[PDB]
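A quick write-up on the structure given underneath.
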Amino acid sequence: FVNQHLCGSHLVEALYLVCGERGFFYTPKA
Amino acid sequence: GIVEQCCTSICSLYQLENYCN
Ligand SMILES: [Zn+2]
């Protein structure tokens, strides 16, 4: 099960840096 | 939404600029 979880921790740090001011929404599924 | 395309294939800064509010 783990690489999906480990990657979401990097995906949310790049989202945070790229969105910047506008904030963001993180949901796993859908 | 998040995990499948971007953890199977690499997402780019312009592509994650779309998942901002
Ligand atoms: Zn890692």
Side-chain angles (χ1 to χ4, degrees):
Chain A
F1 197 79
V2 112
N3 297 94
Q4 66 218 252
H5 200 91
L6 260 41
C7 168
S9 45
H10 285 271
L11 214 192
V12 115
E13 157 223 290
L15 278 160
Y16 174 61
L17 176 78
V18 300
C19 306
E21 144 141 61
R22 325 181 240 171
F24 59 99
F25 31 98
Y26 177 75
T27 352
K29 62 154 178 296
Chain B
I2 237 114
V3 63
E4 62 282 318
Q5 2 246 240
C6 297
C7 293
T8 55
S9 63
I10 293 174
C11 289
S12 65
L13 295 218
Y14 181 86
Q15 214 166 316
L16 278 15
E17 174 141 7
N18 156 310
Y19 313 14
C20 309
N21 217 211

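Every chain is numbered from 1 and lettered A, B, ... according to where its sequence line falls, protein lines coming before strand lines. What's counted below: heavy atoms across the whole structure, side chains too, no hydrogens, waters or symmetry copies.
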Who pairs with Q5(B) by side-chain hydrogen bond (donor to acceptor under 3.5 Å, both in side chains), at least two apart in sequence or on another chain?
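Testing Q5(B) for side-chain hydrogen bond (donor to acceptor under 3.5 Å, both in side chains), a comparison that skips the adjacent residues, returns none.
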
Would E17(B) and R22(A) count as a side-chain contact (heavy atoms from CB on, under 4.5 Å) if you check the C-alpha gap in whole Å, the side-chain angles of each, and the deciding distance to 0.1 Å?
CA-CA 10 Å; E17(B) 174 141 7; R22(A) 325 181 240 171; 3.7 Å; yes

Closest non-hydrogen atom pair between [X] and [Y], with its separation:
X: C6(B); Y: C7(A); value: O-SG, 4.0 Å
X: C11(B); Y: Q15(B); value: SG-NE2, 3.4 Å
X: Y19(B); Y: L15(A); value: O-CD2, 3.1 Å
X: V18(A); Y: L13(B); value: CG1-CD2, 3.7 Å

Report, as yes or no, whether the 6.0 Å neighbourhood of atom CZ on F24(A) holds more than 12 heavy atoms from other residues, nucleotides or ligands.
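For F24(A), atom CZ is crowded (more than 12 foreign heavy atoms under 6.0 Å).
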
With rounding to the nearest 0.5 Å, note down the distance linking OH in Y26(A) to SG in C19(A).
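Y26(A) OH to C19(A) SG: 13.0 Å, rounded to 0.5 Å.
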
Taking atom CD1 of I10(B) and atom CG of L16(B), what is their separation to the nearest 0.5 Å?
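One finds 11.5 Å between CD1 of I10(B) and CG of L16(B).
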
Test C7(B) against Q4(A) for side-chain contact (heavy atoms from CB on, under 4.5 Å), laying out the working first.
CA-CA 7 Å; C7(B) 293; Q4(A) 66 218 252; 5.9 Å; no

